[PDB]
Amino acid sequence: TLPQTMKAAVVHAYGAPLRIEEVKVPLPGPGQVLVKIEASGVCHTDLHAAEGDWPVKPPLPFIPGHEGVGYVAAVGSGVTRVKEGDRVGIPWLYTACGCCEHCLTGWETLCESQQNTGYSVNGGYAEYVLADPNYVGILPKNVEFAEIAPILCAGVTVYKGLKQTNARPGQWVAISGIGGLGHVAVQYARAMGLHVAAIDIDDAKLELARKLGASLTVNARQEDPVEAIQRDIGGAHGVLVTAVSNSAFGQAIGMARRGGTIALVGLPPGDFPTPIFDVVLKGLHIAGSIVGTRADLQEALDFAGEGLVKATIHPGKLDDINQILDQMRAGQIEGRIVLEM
């Protein structure tokens, strides 16, 4: 029964490598539940969090991680949505007010009163996590913790981004960047009746793309994505930008078909110059997309449950976390790194 104490990679300074330190096990107060983390995925956003890469930096000291999945250990008072033992996941969208303009219209994702797991509230880089039962993800029974962990963020984000491009079955989607989110985006696009064109700067990643269903591949370092896509398919109906690069964005605009949509999911910093003439005359749409809604999450989880999407995960230990992060900043990760516990 509850260790009363757990280990967790905590962040005390922006840029200062985390430190595994046995800390207290939270207690499920009213409207809360405790989750024993079985697996926990490592998202690129975890780096941006402990690296104070964004305007609203994470209050220190925090525990990152929003791809934490496990069993409901304890149940706070009033909790109806989940019971003890339930296999659940705690995503980026920790909570939302539930009654504002966006929450009432199905866009809780844009709620200004939201909390974010592993950023403004402690996450899954620990053995236990406190979660809001109403925003937690109900996992499919037929998939192991290590496998669905990625869906908790890379999965929903990519799935929702694809919905945001509005590309219909039989059409093309150009996926810029086949990394953590990218290799899983190829699978969702596939399952959504879309022809996939994969763009990256590493042949290994491009190879994985073909294994996953991509019928067109382009190494942006060996050839121009823009004219390759425009020449071979006439422009993609939808474009999903995963790349964190600077040039990737401009090439995404250029790879788009007339009247097509470029869905932005990557979070690079700063303003990006965009061709006025091209966007207006070609009637291009640029859509910003953040993770997913609870409905999006459940839908994204269903695809995994149907076996239509399998994340390419590589195991990792909680203490080797710093090595793992440095590996992602260097882009030396092939797929998604899910922490075992």
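Residue numbers run from 1 along the displayed sequence.
Set 289-297 against 42-50 and average the Cα temperature factors; 42-50 ends up higher. Higher mean CA temperature factor, per the PDB entry, when comparing 258-266 with 221-229: 221-229. Of the candidates 63, 33, 309, 281, it is 63 whose Cα B-factor is highest according to the PDB record. Take 80, 171, 215, 114 and read off each C-alpha B-factor from the entry; 80 has the highest. For residue 305, the recorded CA temperature factor ranks within the middle third of the chain's modelled residues. For residue 133, the recorded CA B-factor ranks within the middle third of the chain. Only modelled residues enter the ranking. Among the modelled residues of the chain, residue 187 sits in the lowest third by CA temperature factor in this PDB entry.
In this PDB entry, the Cα temperature factor of residue 251 sits in the bottom third of its chain's modelled residues, the lowest group. Sort the modelled residues of the chain by CA B factor and residue 58 lands in the highest third.
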